[PDB]
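Novice: Input structure: start_35.pdb, which contains PDB, C-alpha atoms.
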```pdb
ATOM      1  CA  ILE A 860      13.328  -5.096  16.626  1.00  0.00           C
ATOM      2  CA  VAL A 861      16.017  -6.993  14.707  1.00  0.00           C
ATOM      3  CA  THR A 862      18.248  -3.966  14.241  1.00  0.00           C
ATOM      4  CA  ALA A 863      17.599  -3.079  17.893  1.00  0.00           C
ATOM      5  CA  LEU A 864      19.039  -6.369  19.135  1.00  0.00           C
ATOM      6  CA  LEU A 865      21.929  -6.150  16.719  1.00  0.00           C
ATOM      7  CA  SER A 866      22.897  -2.685  17.903  1.00  0.00           C
ATOM      8  CA  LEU A 867      22.758  -3.979  21.461  1.00  0.00           C
ATOM      9  CA  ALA A 868      24.841  -6.990  20.569  1.00  0.00           C
ATOM     10  CA  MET A 869      27.755  -4.813  19.469  1.00  0.00           C
ATOM     11  CA  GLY A 870      27.092  -1.639  21.428  1.00  0.00           C
ATOM     12  CA  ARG A 871      27.200   0.555  18.347  1.00  0.00           C
ATOM     13  CA  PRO A 872      24.382   3.137  18.248  1.00  0.00           C
ATOM     14  CA  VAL A 873      22.284   3.056  15.118  1.00  0.00           C
ATOM     15  CA  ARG A 874      22.928   6.038  12.885  1.00  0.00           C
ATOM     16  CA  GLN A 875      20.904   8.940  14.228  1.00  0.00           C
ATOM     17  CA  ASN A 876      17.457   9.947  12.937  1.00  0.00           C
ATOM     18  CA  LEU A 877      16.896   6.783  10.879  1.00  0.00           C
ATOM     19  CA  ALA A 878      13.330   5.463  10.823  1.00  0.00           C
ATOM     20  CA  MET A 879      12.443   2.144   9.250  1.00  0.00           C
ATOM     21  CA  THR A 880       9.640  -0.356   9.021  1.00  0.00           C
ATOM     22  CA  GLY A 881       8.911  -3.757   7.580  1.00  0.00           C
ATOM     23  CA  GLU A 882       8.483  -7.426   8.356  1.00  0.00           C
ATOM     24  CA  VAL A 883      10.951 -10.299   8.576  1.00  0.00           C
ATOM     25  CA  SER A 884      10.347 -14.013   8.148  1.00  0.00           C
ATOM     26  CA  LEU A 885      13.287 -15.958   9.573  1.00  0.00           C
ATOM     27  CA  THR A 886      15.509 -15.416   6.511  1.00  0.00           C
ATOM     28  CA  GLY A 887      15.453 -11.649   6.002  1.00  0.00           C
ATOM     29  CA  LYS A 888      13.376 -11.249   2.857  1.00  0.00           C
ATOM     30  CA  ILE A 889      11.452  -8.138   3.842  1.00  0.00           C
ATOM     31  CA  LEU A 890       7.721  -8.156   3.112  1.00  0.00           C
ATOM     32  CA  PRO A 891       5.269  -5.346   2.235  1.00  0.00           C
ATOM     33  CA  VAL A 892       3.503  -3.363   4.957  1.00  0.00           C
ATOM     34  CA  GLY A 893       0.407  -1.226   4.547  1.00  0.00           C
ATOM     35  CA  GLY A 894      -0.956   2.177   5.375  1.00  0.00           C
ATOM     36  CA  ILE A 895       2.261   3.805   4.243  1.00  0.00           C
ATOM     37  CA  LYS A 896       0.883   7.346   3.896  1.00  0.00           C
ATOM     38  CA  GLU A 897       0.210   7.670   7.625  1.00  0.00           C
ATOM     39  CA  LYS A 898       3.608   6.432   8.682  1.00  0.00           C
ATOM     40  CA  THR A 899       5.065   8.772   6.091  1.00  0.00           C
ATOM     41  CA  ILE A 900       3.426  11.892   7.514  1.00  0.00           C
ATOM     42  CA  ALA A 901       4.452  10.817  11.004  1.00  0.00           C
ATOM     43  CA  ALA A 902       8.051  10.407   9.950  1.00  0.00           C
ATOM     44  CA  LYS A 903       8.010  13.814   8.318  1.00  0.00           C
ATOM     45  CA  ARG A 904       6.560  15.240  11.531  1.00  0.00           C
ATOM     46  CA  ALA A 905       9.342  13.681  13.604  1.00  0.00           C
ATOM     47  CA  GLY A 906      12.090  15.138  11.417  1.00  0.00           C
ATOM     48  CA  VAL A 907      13.566  11.736  10.620  1.00  0.00           C
ATOM     49  CA  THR A 908      15.419  12.049   7.332  1.00  0.00           C
ATOM     50  CA  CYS A 909      15.958   8.419   6.209  1.00  0.00           C
TER
ATOM     51  CA  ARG B 710     -21.286 -12.618  -5.158  1.00  0.00           C
ATOM     52  CA  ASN B 711     -18.469 -10.447  -3.883  1.00  0.00           C
ATOM     53  CA  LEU B 712     -17.397  -9.767  -7.453  1.00  0.00           C
ATOM     54  CA  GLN B 713     -20.923  -8.507  -8.022  1.00  0.00           C
ATOM     55  CA  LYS B 714     -20.407  -5.820  -5.437  1.00  0.00           C
ATOM     56  CA  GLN B 715     -17.264  -4.451  -7.068  1.00  0.00           C
ATOM     57  CA  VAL B 716     -18.959  -4.463 -10.450  1.00  0.00           C
ATOM     58  CA  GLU B 717     -21.938  -2.473  -9.240  1.00  0.00           C
ATOM     59  CA  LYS B 718     -19.650  -0.086  -7.408  1.00  0.00           C
ATOM     60  CA  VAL B 719     -17.634   0.630 -10.541  1.00  0.00           C
ATOM     61  CA  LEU B 720     -20.919   1.234 -12.295  1.00  0.00           C
ATOM     62  CA  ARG B 721     -22.438   3.633  -9.789  1.00  0.00           C
ATOM     63  CA  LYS B 722     -19.315   5.740  -9.698  1.00  0.00           C
ATOM     64  CA  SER B 723     -19.517   5.855 -13.461  1.00  0.00           C
ATOM     65  CA  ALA B 724     -23.069   7.042 -12.970  1.00  0.00           C
ATOM     66  CA  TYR B 725     -22.095   9.926 -10.732  1.00  0.00           C
ATOM     67  CA  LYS B 726     -19.374  10.775 -13.224  1.00  0.00           C
ATOM     68  CA  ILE B 727     -22.103  10.966 -15.880  1.00  0.00           C
ATOM     69  CA  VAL B 728     -24.855  12.832 -14.068  1.00  0.00           C
ATOM     70  CA  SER B 729     -22.915  15.985 -13.209  1.00  0.00           C
ATOM     71  CA  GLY B 730     -19.215  15.242 -13.574  1.00  0.00           C
ATOM     72  CA  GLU B 731     -16.925  16.031 -16.465  1.00  0.00           C
ATOM     73  CA  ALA B 732     -17.478  12.745 -18.276  1.00  0.00           C
ATOM     74  CA  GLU B 733     -19.942  11.991 -21.044  1.00  0.00           C
ATOM     75  CA  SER B 734     -18.907   8.339 -21.375  1.00  0.00           C
ATOM     76  CA  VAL B 735     -16.792   6.524 -18.824  1.00  0.00           C
ATOM     77  CA  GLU B 736     -14.518   3.733 -20.030  1.00  0.00           C
ATOM     78  CA  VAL B 737     -12.722   2.018 -17.170  1.00  0.00           C
ATOM     79  CA  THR B 738      -9.050   1.247 -17.757  1.00  0.00           C
ATOM     80  CA  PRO B 739      -6.398  -0.406 -15.544  1.00  0.00           C
ATOM     81  CA  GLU B 740      -4.517   2.839 -14.927  1.00  0.00           C
ATOM     82  CA  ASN B 741      -7.564   4.903 -13.902  1.00  0.00           C
ATOM     83  CA  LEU B 742      -9.104   1.895 -12.115  1.00  0.00           C
ATOM     84  CA  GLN B 743      -7.291   2.905  -8.936  1.00  0.00           C
ATOM     85  CA  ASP B 744      -9.607   5.859  -8.552  1.00  0.00           C
ATOM     86  CA  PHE B 745     -12.726   3.710  -8.595  1.00  0.00           C
ATOM     87  CA  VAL B 746     -11.992   1.237  -5.784  1.00  0.00           C
ATOM     88  CA  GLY B 747      -8.700   2.425  -4.278  1.00  0.00           C
ATOM     89  CA  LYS B 748      -5.806   0.356  -3.044  1.00  0.00           C
ATOM     90  CA  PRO B 749      -5.586  -3.346  -4.003  1.00  0.00           C
ATOM     91  CA  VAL B 750      -6.357  -5.834  -1.276  1.00  0.00           C
ATOM     92  CA  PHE B 751      -4.511  -8.952  -2.389  1.00  0.00           C
ATOM     93  CA  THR B 752      -1.029  -9.217  -3.889  1.00  0.00           C
ATOM     94  CA  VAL B 753       1.014 -11.547  -6.069  1.00  0.00           C
ATOM     95  CA  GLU B 754       3.713 -11.872  -3.402  1.00  0.00           C
ATOM     96  CA  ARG B 755       6.001 -14.711  -4.593  1.00  0.00           C
ATOM     97  CA  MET B 756       7.536 -14.411  -1.156  1.00  0.00           C
ATOM     98  CA  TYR B 757      10.952 -15.780  -2.238  1.00  0.00           C
ATOM     99  CA  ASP B 758      12.932 -15.854  -5.450  1.00  0.00           C
ATOM    100  CA  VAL B 759      15.096 -18.998  -5.543  1.00  0.00           C
TER
END
```
Show me, as structure tokens, the structure contained in the file I just sent.
Specialist:
Amino acid sequence: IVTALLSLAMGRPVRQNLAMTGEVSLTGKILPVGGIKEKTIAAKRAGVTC
Amino acid sequence: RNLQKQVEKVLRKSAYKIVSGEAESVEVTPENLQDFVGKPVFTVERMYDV
């Protein structure tokens, strides 16, 4: 969501085929998320490279 | 109480690894412990550094 807004703020598209995930806590220190194997297989299925 | 459940679970899986597995004497260790209960629940976050 953050990177979404930021892209919109400047109009620059995000670099293509870039998936990401995480959590942010009002100062940007990303925090762990769980279940990573399932998101991993989904990303491999979608062809996203990064 | 809840510790009691994890202890008995570690034991019973040792039992099945005795009865017909490829183990004559289990000896749980921190590296192989992951197999016996799977992914950790709680973490040691230390959400920030300074």
Novice: Atom CA of residue A:875 and atom CA of residue A:863, how far apart in Å?
Specialist: 13.0 Å
Novice: Please, which residues of chain A lie no more than 12 Å from chain B when the count uses only C-alpha atoms, and can they be set out as number ranges by chain?
Specialist: A: 882-884, 886-896
Novice: Which distance in Å separates atom CA of residue A:876 and atom CA of residue A:861, to one decimal?
Specialist: 17.1 Å
Novice: Between atom CA of residue B:742 and atom CA of residue B:717, measure the distance and give it in Å to one decimal.
Specialist: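 We find that atom CA of residue B:742 and atom CA of residue B:717 lie 13.9 Å from each other.
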Novice: Show which residues sit within 12 Å of residue B:736, as a PyMOL selection string. Count all atoms listed in the file, and ignore same-chain residues fewer than 5 positions away.
Specialist: chain B and resi 719-720+722-724+726-727+741-742+745
Novice: Apply the PyMOL selection byres ((chain A and resi 874) around 12) to the structure shown and report the selected residues as a PyMOL selection string.
Specialist: chain A and resi 862-863+866+871-873+875-879+907-909
Novice: Kindly list the centre and edge lengths in Å, rounded to one decimal, for the axis-aligned box that covers all listed atoms of stretch 711-728 of chain B plus 5 Å on each of its six sides, as JSON.
Specialist:
```
{"center_x": -21.1, "center_y": 1.2, "center_z": -9.9, "size_x": 17.6, "size_y": 33.3, "size_z": 22.0}
```
Novice: With the input short on atoms, add N, CA, C and O atoms back to stretch 860-876 of chain A and write it as a CSV table (one decimal), in the coordinates of the input.
Specialist:
```csv
chain,number,residue,atom,x,y,z
A,860,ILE,N,12.9,-4.3,15.5
A,860,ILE,CA,13.3,-5.1,16.6
A,860,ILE,C,14.6,-5.8,16.3
A,860,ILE,O,15.6,-5.8,17.1
A,861,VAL,N,14.8,-6.3,15.1
A,861,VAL,CA,16.0,-7.0,14.7
A,861,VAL,C,17.2,-6.1,14.9
A,861,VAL,O,18.1,-6.3,15.6
A,862,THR,N,17.1,-4.9,14.2
A,862,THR,CA,18.2,-4.0,14.2
A,862,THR,C,18.5,-3.5,15.7
A,862,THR,O,19.7,-3.4,16.0
A,863,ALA,N,17.5,-3.4,16.5
A,863,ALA,CA,17.6,-3.1,17.9
A,863,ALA,C,18.6,-4.0,18.5
A,863,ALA,O,19.7,-3.6,18.9
A,864,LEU,N,18.2,-5.3,18.5
A,864,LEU,CA,19.0,-6.4,19.1
A,864,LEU,C,20.5,-6.3,18.6
A,864,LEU,O,21.4,-6.3,19.4
A,865,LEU,N,20.6,-6.1,17.3
A,865,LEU,CA,21.9,-6.2,16.7
A,865,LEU,C,22.8,-5.0,17.2
A,865,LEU,O,24.0,-5.2,17.6
A,866,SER,N,22.2,-3.8,17.3
A,866,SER,CA,22.9,-2.7,17.9
A,866,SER,C,23.4,-3.1,19.3
A,866,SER,O,24.6,-3.0,19.6
A,867,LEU,N,22.4,-3.6,20.1
A,867,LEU,CA,22.8,-4.0,21.5
A,867,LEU,C,23.8,-5.0,21.5
A,867,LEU,O,24.7,-5.0,22.4
A,868,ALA,N,23.9,-5.9,20.5
A,868,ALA,CA,24.8,-7.0,20.6
A,868,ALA,C,26.2,-6.5,20.4
A,868,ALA,O,27.2,-7.0,21.0
A,869,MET,N,26.4,-5.4,19.7
A,869,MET,CA,27.8,-4.8,19.5
A,869,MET,C,28.0,-3.5,20.2
A,869,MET,O,29.1,-3.0,20.3
A,870,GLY,N,26.9,-2.9,20.7
A,870,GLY,CA,27.1,-1.6,21.4
A,870,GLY,C,27.2,-0.4,20.5
A,870,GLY,O,27.3,0.7,21.1
A,871,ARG,N,27.1,-0.6,19.2
A,871,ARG,CA,27.2,0.6,18.3
A,871,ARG,C,25.8,1.2,18.2
A,871,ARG,O,24.8,0.5,18.0
A,872,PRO,N,25.7,2.5,18.5
A,872,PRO,CA,24.4,3.1,18.2
A,872,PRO,C,24.0,3.1,16.8
A,872,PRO,O,24.9,3.2,15.9
A,873,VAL,N,22.8,2.9,16.5
A,873,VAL,CA,22.3,3.1,15.1
A,873,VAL,C,22.5,4.5,14.7
A,873,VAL,O,22.6,5.4,15.5
A,874,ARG,N,22.8,4.7,13.4
A,874,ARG,CA,22.9,6.0,12.9
A,874,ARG,C,21.7,6.9,13.2
A,874,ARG,O,20.6,6.4,13.2
A,875,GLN,N,21.9,8.1,13.6
A,875,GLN,CA,20.9,8.9,14.2
A,875,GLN,C,19.8,9.3,13.2
A,875,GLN,O,20.1,9.3,12.0
A,876,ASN,N,18.6,9.5,13.7
A,876,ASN,CA,17.5,9.9,12.9
A,876,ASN,C,17.2,9.1,11.7
A,876,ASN,O,17.2,9.6,10.6
```
